[PDB]
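You are given structure tokens for the same protein chain in two forms, set apart as structure 1 and structure 2.
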Structure 1
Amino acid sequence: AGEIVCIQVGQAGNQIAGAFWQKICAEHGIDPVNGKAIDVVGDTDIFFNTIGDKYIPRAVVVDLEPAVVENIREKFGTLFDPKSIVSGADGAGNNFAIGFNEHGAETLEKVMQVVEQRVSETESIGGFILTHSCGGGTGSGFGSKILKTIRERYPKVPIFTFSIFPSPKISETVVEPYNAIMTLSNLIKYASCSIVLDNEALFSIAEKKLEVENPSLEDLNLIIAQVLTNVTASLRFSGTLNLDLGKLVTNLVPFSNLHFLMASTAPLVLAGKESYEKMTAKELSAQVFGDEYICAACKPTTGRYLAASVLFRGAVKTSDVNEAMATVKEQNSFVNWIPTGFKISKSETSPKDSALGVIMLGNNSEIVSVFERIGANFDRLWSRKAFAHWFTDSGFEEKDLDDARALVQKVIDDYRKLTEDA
């Protein structure tokens, strides 16, 4: 009855999802790893299967990396069912095209057999959630053939994705553009929605608000986990609006091809628990809609929103919420006068480690600045070498990159047009 199959792909997918699963277990009263029913609450069935005296995360674990993801065997153990972990003969590098070549089909089918089992055990599929990085051979090199194959076999089932864009820093493999743009191509083309999380944003948040001297990758993952956990919460703990995954897709994406969403959450709390967390609704709303906390690094205080929704998690006064949200509506503005464009909902379960938390999602046209950065990497690469010179043997042909950039430009341009027309 509307259950969700979760797909984790590549190193990023697994570390991030790991953090997610621990937190979601806590909220529903399931001990992590030894998944026993310690006073289980909420609509548990959406994300966990129940066998009896056990709760099994409904997850598919994918890693092209050779051998097995012991990183799960050792860190989570019995949290994940081993029959759901898929790997092949060898791994991949940081090149998207390797995920797409050298007999990757053996693992694509094995991944799909697992998916078929998580789907067939489920009475009804309410969607898929796919978490992956955009910068490497598995995160997107394999993750995008998954995204494509899923829509081919489950055409009416919405795919909501969370994806990580690499830091503009070039410390990573310099073939990143070739990955990033092919990744966007398939996300624009096949996903129903996606949350764009930019490591630059996570990084600057960690430096500036969470007081982290030199944020490590493992710290950034906690911001992500908190966003995933809270964003997903509206699907787990029934609140004042009857939302589900399919409905979220419909409310935030008015046009095809403009489905990239920003996300923000507050208070943002790391595992150190350095500060006491109590805020009023007014303070909390002003922060979640400020530029300071936007995970896409886009400054959506200067552009305009096309659709948006806010969930308050915890006990908050309705009077204060409405005044706080009135203040927000005067501080920014919304496009094509979608009269119904902004939604507010509430749900009483407190997210742990906080008195009151807030989730904000939005479709905002400043999101294209992420896409402008990716395009910029292409324009520099191709103004110097318009040859796809990293793809002269087993890579993609120019025509594939032609497709990819064409599609990316339509996204950028349509956002710009819709905003200016209103």
Structure 2
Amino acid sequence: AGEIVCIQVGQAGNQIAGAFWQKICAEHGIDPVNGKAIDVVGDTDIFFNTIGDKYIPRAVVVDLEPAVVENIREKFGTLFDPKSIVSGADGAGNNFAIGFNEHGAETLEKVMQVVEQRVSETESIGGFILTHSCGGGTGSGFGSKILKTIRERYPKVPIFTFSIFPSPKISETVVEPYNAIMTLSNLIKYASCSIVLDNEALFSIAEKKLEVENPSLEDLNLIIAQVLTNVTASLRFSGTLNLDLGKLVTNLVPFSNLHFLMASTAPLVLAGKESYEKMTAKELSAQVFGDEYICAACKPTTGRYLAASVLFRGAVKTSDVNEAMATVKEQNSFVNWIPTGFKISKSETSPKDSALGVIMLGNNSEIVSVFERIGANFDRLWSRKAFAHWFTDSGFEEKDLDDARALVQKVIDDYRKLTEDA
């Protein structure tokens, strides 16, 4: 029980998740090339089903483009069994409205039939995890309808999303500010939690911490994969805090509608054995809570935290953890309404590339910087009816996108006001 079904939607979704699945297989002693057990450790059953001696990741692979799901057989192969691979028609793209309304009645039903199959095979659902782009086409459009549909069918099952916000440094497809809000609105309405990652921050991390002169899309995915792997780890490899997805919602989300979380991890490694010596708890905690490793274009030291959760993976002494975290409490302000809310935990199993790694999640009022930038881009295009009829013939009305903005603005305003004092 407390098992997790993972839904991967769109290109970004499938590549990030694919990298995730390879790392999680390594940690649990599963050879990703074919699912065979090597020496299996940890709570393998939370993410993999088991038939015979094969571990089968409980993934649903979704796209609209035939090629994107079909070609997973070449990039990851046997890692994702074909019964989970769903696509149709001729594909669709670069428009939220198209992904959301023109995916095909049959296409969505197939996705849901697969989701239900993964669910019925599971003793008890502890939640759903989705990986998707917040922009583009399929990841935001079809992915948001998928999010909506799942909650309607399973009203009490928490849903966590890892979602990637776009950046003009990477994509010229500037229709994006429209897509960004329509999906943000649905995340606000239907997810229990979401991890806000974006490529502006990931890009600058790649340039300054991984020392990459001109980060490729694959370097961004490398950092993302590390975040997902180490964040997810608190749920699956022992630990002193006994977490689950339902428990994370309880601990990190004090209010509904304010469930957007930042994530930060360190050390980062550029896809090779660059790791060295051992970091102390102090330098590692300092990196994690610094602004430089935040995987969202925020500057969290200037804000206030509603809640935070810090996991130490590896052989770290209790007394060093506590001194390092005391330093963090002194330096980074927290909202005193919650006399608790800063939970520190450790797990004895280290990540494959280091002696000790640290993961932090949290609710920081500066998370809205992402949303505020999106709003601004949107306003410049929207006040001019930049692209009214495109969206008009794909089934959305101006009132619906206005509803989407109103909700987004409400969330921004609530974060700024909620944490103004305490």
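For numbering, take structure 1's sequence and count from 1. So that the term is clear: the rigid core is the largest set of C-alpha atoms that superpose within 1.5 Å between two forms.
Just one residue from the list 67, 376, 40, 51 crosses the 2 Å line for C-alpha shift between the two structures on a rigid core fit, and it is 67. Residue 124 shows a C-alpha shift below 2 Å between the two structures [criterion: core-superposed Cα displacement of 2 Å]. Residue 170 is among the residues whose C-alpha shifts by 2 Å or more between the two structures once the rigid core is aligned. After superposing the rigid core, the C-alpha of residue 272 moves by 2 Å or more between the two structures. Superposed on the rigid core, the forms differ at residue 257: its CA is offset by 0.8 Å between the two structures. In the core-aligned comparison between the two structures, the Cα atom of residue 336 sits 4.1 Å away from its counterpart. Its Cα shifted by 1.9 Å, residue 394 is compared between the two structures on a rigid core fit.
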